[PDB]
Amino acid sequence: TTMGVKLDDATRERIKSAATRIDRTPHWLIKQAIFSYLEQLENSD
Amino acid sequence: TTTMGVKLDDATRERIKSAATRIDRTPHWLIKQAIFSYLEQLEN
DNA sequence: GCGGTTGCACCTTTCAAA
DNA sequence: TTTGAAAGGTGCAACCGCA
């Protein structure tokens, strides 16, 4: 049900501060980041 | 550093494995990079 | 140790079966 | 109505190959 990503503290810090601004969890944020990146890769030519 | 879990369904994990392969990187690398690009998008 | 990866254990919120 | 499984969330422990 999960994958794991090894992050350092600074990146974890940025994720949390960014997620709070947009009224979402860090977890939601990472998933959306993944969906957005995959669409770019899949829509590329 | 620590490992952060992400709840991903099977279709999404295969989309990742497939995209990772055709850019010559690991699934781990793709997720990390996804995170960094998305933070750049938010912060810009 | 870092990148890559597995596998878990506990938390909170949501919401239909009982 | 209650209640616990499912969904969404979080992060610890430890494997590998590597350098």
Side-chain angles (χ1 to χ4, degrees), chain A residues 1-15 17-38 40-45, chain B residues 1-16 18-39 41-43:
Chain A
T1 69
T2 52
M3 291 189 80
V5 62
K6 206 169 288 179
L7 303 174
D8 65 38
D9 211 359
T11 310
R12 297 202 311 279
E13 284 168 33
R14 293 169 74 193
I15 297 175
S17 46
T20 293
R21 285 159 202 149
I22 71 198
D23 191 27
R24 290 289 138 74
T25 54
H27 182 262
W28 181 98
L29 193 145
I30 296 161
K31 281 182 65 133
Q32 288 307 115
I34 295 161
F35 298 130
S36 171
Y37 196 63
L38 290 173
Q40 285 154 215
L41 301 185
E42 288 158 352
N43 291 335
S44 174
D45 34 337
Chain B
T1 90
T2 204
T3 298
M4 299 301 297
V6 53
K7 294 286 177 72
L8 292 172
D9 63 30
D10 298 340
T12 302
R13 287 187 250 106
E14 278 299 313
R15 285 174 67 197
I16 293 164
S18 172
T21 288
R22 59 168 169 147
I23 69 179
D24 191 31
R25 296 288 192 267
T26 62
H28 185 255
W29 184 99
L30 181 163
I31 293 170
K32 262 223 216 114
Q33 191 53 245
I35 291 170
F36 286 110
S37 307
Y38 199 80
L39 296 167
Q41 289 173 55
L42 293 171
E43 295 163 2

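Convention: sequence-line order gives letters A, B, ...; per-chain numbering from 1.
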Measure the shortest side-chain to side-chain distance between B:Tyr38 and A:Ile30 over non-hydrogen atoms and say whether it is less than 4.5 angstrom.
no
Is there a donor and acceptor pair, one atom on the side chain of B:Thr1 and one on the base of C:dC2, closer than 3.5 Å?
no
Considering only C:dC8, C:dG3, D:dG8, which nucleotide approaches the side chain of B:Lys32 most closely?
C:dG3
Starting at atom CG of B:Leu8, determine the distance to atom P of C:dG7, rounded to an integer number of angstrom.
15 Å
Between A:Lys31 (side chain only) and B:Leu8 (backbone N and O only), is there a donor and an acceptor less than 3.5 Å apart?
no
Expressed as a whole number of angstroms, how long is the span from B:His28:NE2 to C:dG7:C1'?
15 Å
Rounded to whole angstrom units, what separation is found between the CE atom of B:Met4 and the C1' atom of D:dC12?
11 Å
Side chains of B:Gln33 and B:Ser37: is there a donor and an acceptor less than 3.5 Å apart?
yes
For A:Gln32 and D:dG9, what is the distance between atoms CD and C1' respectively, to the nearest whole Å?
15 Å
Look at the side chain of B:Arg15 and the backbone N and O of A:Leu38, then say whether any donor-acceptor pair between them is shorter than 3.5 Å.
no
Whole-Å gap separating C1' (D:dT10) and CD1 (A:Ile15)
12 Å
May I ask you to evaluate whether B:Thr26 reaches the phosphate of C:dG4, defined as a side-chain N or O under 4.0 Å from OP1 or OP2?
yes
Using whole Å, what does the distance between atom P of nucleotide C:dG3 and atom CE of A:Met3 come to?
16 Å
Go along nucleotides 14-19 of chain D 5' to 3' and tag each nucleotide: B for a protein heavy atom under 4.0 Å from its base, S when only backbone or sugar atoms are that close, - otherwise.
B-----
Within the 4.5 Å heavy-atom criterion, are B:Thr2 and A:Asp8 side-chain neighbours or not?
no
Under 3.5 Å: donor-acceptor pair, side chain of A:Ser17, backbone of A:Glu13
yes
Whole-Å distance separating the CG atom of B:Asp10 from the P atom of D:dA7:
12 Å
Rounded off to whole Å, could you give me the CG-to-P distance for the A:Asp8 and C:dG4 pair?
13 Å
Which listed nucleotide (D:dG9, C:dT5, C:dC8) is nearest to the side chain of A:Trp28?
D:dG9
Taking everything shown except A:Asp23 itself, do over 12 heavy atoms lie less than 6.0 Å from its CG?
no
